[PDB]
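Enquirer:
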Amino acid sequence: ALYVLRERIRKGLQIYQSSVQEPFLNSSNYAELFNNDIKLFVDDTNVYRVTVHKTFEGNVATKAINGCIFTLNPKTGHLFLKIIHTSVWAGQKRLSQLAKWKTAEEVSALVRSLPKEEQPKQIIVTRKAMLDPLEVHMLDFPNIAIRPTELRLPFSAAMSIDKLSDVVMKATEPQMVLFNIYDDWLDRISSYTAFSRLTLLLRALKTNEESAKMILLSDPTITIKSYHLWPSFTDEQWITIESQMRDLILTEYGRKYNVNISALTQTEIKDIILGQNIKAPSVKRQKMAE
Amino acid sequence: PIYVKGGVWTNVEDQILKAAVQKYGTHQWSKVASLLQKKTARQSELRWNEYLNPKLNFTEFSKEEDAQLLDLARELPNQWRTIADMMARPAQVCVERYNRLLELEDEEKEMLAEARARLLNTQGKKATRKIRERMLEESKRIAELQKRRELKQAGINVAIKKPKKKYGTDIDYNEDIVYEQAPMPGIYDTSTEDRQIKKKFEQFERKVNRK
Amino acid sequence: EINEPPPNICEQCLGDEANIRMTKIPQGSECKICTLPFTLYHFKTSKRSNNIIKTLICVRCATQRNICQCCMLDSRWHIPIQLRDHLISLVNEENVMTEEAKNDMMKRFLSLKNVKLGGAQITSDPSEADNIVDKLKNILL
Amino acid sequence: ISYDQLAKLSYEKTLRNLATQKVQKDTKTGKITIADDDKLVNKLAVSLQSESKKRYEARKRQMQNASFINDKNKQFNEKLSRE
Amino acid sequence: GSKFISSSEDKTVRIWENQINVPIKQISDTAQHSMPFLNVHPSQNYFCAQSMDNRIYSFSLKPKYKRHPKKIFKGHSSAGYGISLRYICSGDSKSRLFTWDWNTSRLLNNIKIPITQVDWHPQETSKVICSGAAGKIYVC
Amino acid sequence: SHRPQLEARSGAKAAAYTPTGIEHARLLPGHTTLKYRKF
Amino acid sequence: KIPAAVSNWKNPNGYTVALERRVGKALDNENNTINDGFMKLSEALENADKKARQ
Amino acid sequence: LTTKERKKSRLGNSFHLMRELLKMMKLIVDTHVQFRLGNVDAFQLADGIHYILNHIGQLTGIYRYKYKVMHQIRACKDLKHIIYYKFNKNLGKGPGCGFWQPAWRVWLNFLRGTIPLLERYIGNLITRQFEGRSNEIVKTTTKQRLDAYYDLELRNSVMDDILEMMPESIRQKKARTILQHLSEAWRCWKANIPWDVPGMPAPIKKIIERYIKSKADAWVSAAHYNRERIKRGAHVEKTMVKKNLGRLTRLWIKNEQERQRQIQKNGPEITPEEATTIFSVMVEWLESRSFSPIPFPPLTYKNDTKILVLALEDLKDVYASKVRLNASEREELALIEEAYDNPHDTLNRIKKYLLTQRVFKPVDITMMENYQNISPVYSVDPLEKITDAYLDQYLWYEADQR
Amino acid sequence: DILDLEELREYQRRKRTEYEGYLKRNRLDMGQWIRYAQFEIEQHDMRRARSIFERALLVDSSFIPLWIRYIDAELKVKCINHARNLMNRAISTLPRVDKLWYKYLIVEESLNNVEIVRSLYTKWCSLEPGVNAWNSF
RNA sequence: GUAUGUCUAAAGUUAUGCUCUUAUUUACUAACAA
Ligand SMILES: O=P(O)(O)O[C@H]1[C@H](OP(=O)(O)O)[C@@H](OP(=O)(O)O)[C@H](OP(=O)(O)O)[C@@H](OP(=O)(O)O)[C@H]1OP(=O)(O)O
Ligand SMILES: [Zn+2]
Ligand SMILES: [Zn+2]
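This is the structure we're talking about:
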């Protein structure tokens, strides 16, 4: 708490020495994300979603929709997500900041609920801006380390998965409805493998939803299992699908970035995540090493 | 794309400027400039002053006028604004004459549409908002009536809610007479007339009820 | 303003004592008709009578209706104002009402006017009152 | 033409519109009951309505006759042009 | 079955998905609406609706975001109702029913006898029901 | 919209208005006594 | 009979109006008494210059 | 608090002052209670009371509401300073002095002073709570609304006069034309453009001319008064000073162009003989010097580019500091940039302009406000400005060289 | 549109509120007064119309057209004595305007109360009016 | 983000040339993201 205070004051005086003890999750340390160690992963991107509708005056009026708290565990694949009922916005105004607060609040509550063993050690956050209030609501318990990811992971597009979005719309109240973000994959292979596939999928979605869905529903014979979020494929067709997705990502890169052809290996890997930034000194480090 | 203003006066543009001038007058050059997506305020005003204003003239000079001009040149050396004034002409034209003597559409249509739209829209936001509220209010009223009428048809008589009175001494004018300033006391007798008018009134009410 | 008009209280109301001692609070209430300050007068009818009688309405209002200021009854006949207006409407005429405007601003305005209402014009001049009475009597038979 | 003349001249006119085709006082009440022909008052009422109606329709025609932007401006430029 | 529409007293119409509870589209403001009915439109693009101001509208319901009316059905002093099959037939407040060519917005004006709730016998090609006030149902 | 002054707030209404009975600052009694001339 | 006042400054209602009725004055003509002296001056200069030159 | 609620709850200087006095009282009474409630010794009480009186400022923001209480506070402070140093001659430092008398006296006299003030203030307050506030509000003139009131009075007067004049007994709507006419006239006067509307009757034109002269007189004199005031260095509104600057500028321009008119209307001030004499003198001078004149600059120069670079640099000096720039400024910058890009071409352009261009874009002006003497700031249109620069630089180089 | 009674009452109220409001700002816009009075006439409530006219009159007596309008309104409902009384009152107020007198005269003529028109004419002439009055007489 | 302004907050007043499909612009707006 006192460190937070000093850091807060320091921010107030714009003298913040950018010095961290633990390095960020860059594309190199991505491997050492998980290491027989209980973790949790957080995204606050789709907490405050809005219906843009016209008014009588003619100007835009933003209205809140139900959202989520993307709360994933890469080992078990247990995606918690407390579905944000619009009722919680109805209380207050200045909702972009309040989104962060409710997020961190909810996360904190969740952590409190779980036991000292299952209290996750290193909590990773997508939005580095949403770290700031989390630090505050994580002051309940000091052992839970925070990890500001250098590598941006696509979890805005995570909520544009069919069944997820469905469930979000369905939500009538302050409720959470957890899922296993990958089930069959765990059964077949280790968690990391599953996560790579997932990462690819979410990535593709982020580039383009229509393309993603098309890829998923290219074959209509395949069927998405009642529990599972994803369509259960055989591993070779699965492989093919993955490849296709990758091509989609690369295609997107080619379109926007205009330099997806002459990529180095590590660099290419970074590009897939879209996380390893050019200015990020971690990347320079890994590169330097090789 | 944002950029630095200038260029050349396309005839459509000129016409637009003229229209603006008619509208806003010769001293609000900012607004007129705004109306033209290409041309500046200063540019516009200059143009109006120099070329576009109808109380200038571009008719050729008579021999006497030529004499006056060249004499002025001889006497006032190249103070051409002064010279122009003396002539009663715009200066550039005068200079040119003196010299003589000595020897895309989509964009344009966009600004047009916008222009005409503006010029035919001559009210501050307060006005627009007010009329909007008026029509909305009217709509609301008719909807309310439809409910009330519907209920009447249905057999439930609902009296229309009063306007939620803004202040303690706010008036409903149907309650009782506004500020009955009575007629001047009767010299000629008025009794029969009072009766007849009363009957007419009551009859009218009856008619309305039946209507 | 100055206490120019005197209070308009009737007899029955006031009680049969040769000398009562009443008090006047000036600017002492809004009236019961026109929401308008006036000199509130009040008195116990007897010394040991528990019920005070306070002058409900203002003097202008009283004059206007041509009534008592405590009873709200006509000062002549000691009867309800509406009733007397009905009686007057019946004899000599067909229509005599005394419409009070039920809107808080307008009532004030009306009160301000120095003009008698329907029945009040009859009952003010005693001759006319008498005439009305005899006509009423005639109507009876 | 002053409102002096225009009154008398309009007076003269409505006299041509006429040219086409008892007092009892209760002095105690002051009520001067002039009992007069109820048919003639009705003939005034209808004629006076007709006169006002004729004028009302006269504007309507002149309004429907035709360098401006809105209804008012067109007329405002017409107020300038008449000079 | 999926998309779902509901106009209101504030002169606003709302395309929704079946159960999502999130407006796909709030409609424009300066109009008024009362009765929502989808034309049995061969493509099934069209969501029609009667107004307060004597004018039934039409809306391109596929996509739900589309809402530009093509041609408006004027001339039925409205306090009531309207239904389609080629033709749209709606009744008025004052007098009588109004058949209208759905293509051109003009046809016969049949007497009612008031009230107005029109409908079509859909198993047949040409038969209407009028709903008069106080036991006066007229059939065609 | 926002308009010039033509028919002033006539103190007829202010006369018929009820008194306030507030005590303003300057109506506090200043220079109670009057002067007079020789005559 | 006063003319309807129209400004070069400020339309409240935004009525467009004719350009002649907008902009006026039309009195730059003068030119005569102003010149009496200038002739003498410029002529003087010309002659002075001539004298210097020769 | 909702903004409305907040507005409602800003209790005034009466209620707050009352609270503060009660706070004061509540303190000392509470201290007495404490003393008597067995807590503190009588010496402790005395010290407590003294502390309270000497720190009324620090214990109750009385000063906040009624700041003249600073005098009282100051007096108390002074007393403390006096008392202590007669109380602590041989005795050392510390807090344990009591002796609350003179400070207490001060506070009593302050209360005496304020009892009237609070009777009035809180009187009015509770009256408002009970009786509504007076609806015969009528506002006085003040510095803030003086002008508006003036002008309304003026137009009322003018309108009256015109109605008196006008024999038809025209409607108020026909007075709107009149007053609007007047307004335009005023503006015209401000401009120094003669207000000669054709269709008027002469008498009206006369009357309006008169009334604007009156108004004009009021204006000019006011302006003059203000500028002396500003010189003095008096309390004056930032807005007011800007207004005065504006007025004085317009006044200056009017004066100036009137002088131009004067010059035109009755010839140049210079007698032609005088001019001739001057010419003779200057001619004699250069004759004595063997001063070869500066040529029209051809393509010959080795310096040309260098010269250009100076002017551009000078121009750039304006723009290096101020990052946010106007449209004109932007244009100028662009021109400069292009000139750097295309030096020879720029030079050529300049030369062409010099050979040909004898009618230029008009020069906007403003007044920078040195509060003694407002200084005119001429703003030439950027294209000509480059020409002016280059020409200037060339002239200086040639002049000094020659 | 305006079907039932109570609804009409509401309409009347709303309209009044508009009219009243507009009068409040510009106590003098006789065009607005007379328009309002026309509205009253239209509603077929005569008393209210009369009241409006009275108020209007009070606000500005000198506007003759208002007087004329009131007069003619009175005539409209064959409330002839009221018209007559009013016209007499108008005369009393503004005798030196002619159009009022002429209005009176035509009214009486149409009425065929010829004796009264003689009598009034005698009065008007007695006040040393314009030559026009004499000639018309 | 605001001033500010509307809205809701439950008890029944006694009468018989077009439709269509789309892709693109531009503008405005947007305490929504960058
Ligand atoms: O001079 P002031 O600003 O009013 O402050 C005085 C002053 O303190 P400083 O000299 O530090 O300003 C006194 O100190 P001396 O001058 O007497 O040394 C001290 O008086 P004591 O020494 O008797 O304590 C007194 O303190 P206190 O109020 O406790 O008597 C204190 O006033 P503040 O405490 O209000 O500053
Ligand atoms: Zn009594
Ligand atoms: Zn009263």
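Chains as they are written, first to last, in the deposited numbering: chain F, 1811 to 2100; chain U, 5 to 107, 144 to 251; chain H, 4 to 144; chain L, 95 to 115, 142 to 186, 194 to 210; chain G, 305 to 389, 396 to 423, 428 to 454; chain R, 4 to 42; chain C, 164 to 217; chain X, 605 to 1006; chain W, 36 to 172.
Even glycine gets a Cβ: it sits at the ideal position worked out from N, Cα and C.
1. Between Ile12 of chain H and ligand 3, is the CB less than 7 Å from at least one heavy atom?
2. Please list, in chain order, the chain U residues whose beta carbon lies closer than 8 Å to that of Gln336 of chain G.
3. Taking the DSSP output, what are the residues bridged to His785 of chain X?
4. Just to confirm before moving on: does the CB-CB distance between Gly700 of chain X and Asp651 of chain X stay below 8 Å?
5. With H, G and I counted as helix, E and B as strand and the rest as coil, what does DSSP make of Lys965 of chain X?
6. Could you name the residues that DSSP lists as bridge partners for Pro40 of chain H?
7. Please list the partners that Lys869 of chain X has in chain C, where partner means a Cβ-to-Cβ separation under 7 Å.
8. Quick check on the burial criterion: 16 or more other C-beta atoms within 10 angstroms. Buried or exposed for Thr114 of chain L?
9. What residues in the stretch 350–364 of chain G bring their beta carbon closer than 8 Å to a beta carbon of chain F?
10. Looking at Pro367 of chain G and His1863 of chain F, is the spacing between their C-beta atoms short of 8 Å?
11. Ends of the beta strand (DSSP E) at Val442 of chain G?
12. Which first and last residues belong to the beta strand (DSSP E) in which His828 of chain X is found?
13. Taking only three categories from DSSP, how would you classify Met339 of chain G?
14. For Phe900 of chain X, count the other beta carbons within 10 Å of its own beta carbon; 16 or more makes it buried, fewer makes it exposed. Which is it?
15. From what residue to what residue does the alpha helix (DSSP H) around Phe2005 of chain F run?
16. In chain order, what residues of the same chain lie with their CB nearer than 7 Å to the CB of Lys858 of chain X, ignoring the 5 residues before and after it?
17. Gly195 of chain U touches chain H at which residues, Cβ-Cβ below 7 Å?
18. For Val453 of chain G, which residues does DSSP report across the bridge?
19. Does the beta-carbon of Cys160 of chain W have 16 or more other beta-carbons within 10 angstroms, so that it is buried, or is it exposed?
20. By the criterion of Cβ-Cβ separation under 7 Å, what are the contact partners of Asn123 of chain W in chain U?
21. Decide if the stretch 182–195 of chain U is in contact with the stretch 73–89 of chain U; the criterion is three or more beta carbon pairs, one per stretch, under 8 Å apart.
22. Any idea what DSSP makes of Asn167 of chain W, helix, strand or coil?
23. Please compile the residues from chain G whose C-beta is within a distance smaller than 7 Å of the C-beta of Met175 of chain U.
24. Just list the residues that DSSP pairs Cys399 of chain G with in beta bridges.
25. For a contact defined as C-beta to C-beta under 9 Å, what are the partners of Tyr97 of chain L on chain W?
26. Counting only beta-carbon atoms, is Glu131 of chain H nearer than 8 Å to chain U?
27. Going straight from the alpha carbon of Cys444 of chain G to that of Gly401 of chain G, what length do you get?
28. Would you mind stating whether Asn2070 of chain F and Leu2058 of chain F have Cβ atoms separated by less than 8 Å?
29. Nearest to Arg119 of chain W by alpha carbon, out of W:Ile99, W:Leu93, W:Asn148, W:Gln47?
30. Name the residues in the stretch 620–633 of chain X whose C-beta lies less than 7 Å from a C-beta of chain R; which are they?
31. List the endpoints of the continuous beta strand (DSSP E) containing residue 425 of chain G.
32. Quick check: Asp156 of chain L and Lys145 of chain L, are their CB atoms within less than 8 Å of each other?
33. CA-CA distance, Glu321 of chain G and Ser1837 of chain F?
34. Is DSSP giving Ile774 of chain X helix, strand or coil here?
35. Tell me whether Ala1967 of chain F sits in a helix, a strand or coil according to DSSP, three-state version.
36. Determine the direct distance from the alpha carbon of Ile91 of chain H to that of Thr101 of chain H, and round the result to whole angstroms.
Expert: Looking at the atomic coordinates:
1. no
2. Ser179, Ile182, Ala183
3. Paired residues: none, contrary to the question.
4. yes
5. coil
6. H:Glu33
7. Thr196, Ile197
8. Exposed, since its Cβ has fewer than 16 Cβ neighbours within 10 Å.
9. none
10. No; because the gap between Cβ atoms is not below 8 Å, this pair is not in contact.
11. 442–446
12. Here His828 of chain X belongs to no beta strand (DSSP E); instead the alpha helix (DSSP H) covers 806–836.
13. Collapsing the DSSP output to three states places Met339 of chain G in a strand.
14. exposed
15. From DSSP, the alpha helix (DSSP H) with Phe2005 of chain F extends over 2001–2017.
16. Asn796.
17. The contacting residues do not exist; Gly195 of chain U stays about 30 Å from chain H at best.
18. G:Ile443
19. exposed
20. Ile227
21. Taking 8 Å as the limit for Cβ pairs, the verdict is that the stretch 73–89 of chain U does not touch the stretch 182–195 of chain U.
22. The three-state secondary structure of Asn167 of chain W, taken from DSSP, is helix.
23. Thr334
24. Among the bridge pairs identified by DSSP, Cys399 of chain G is matched with G:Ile387, G:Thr409.
25. Listed along chain W, the residues sitting closer than 9 Å to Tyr97 of chain L by beta-carbon distance are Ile99, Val132, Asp133, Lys134.
26. no
27. Within the model, the alpha-carbon separation for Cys444 of chain G versus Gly401 of chain G is close to 8 Å.
28. Cβ distance not < 8 Å, so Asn2070 of chain F and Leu2058 of chain F don't count as in contact.
29. W:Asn148
30. none
31. No coordinates exist for residue 425 of chain G in the structure shown, because the numbering of chain G passes directly from 423 to 428.
32. no
33. 40 Å
34. Note: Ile774 of chain X maps to coil in three-state DSSP.
35. helix
36. 11 Å
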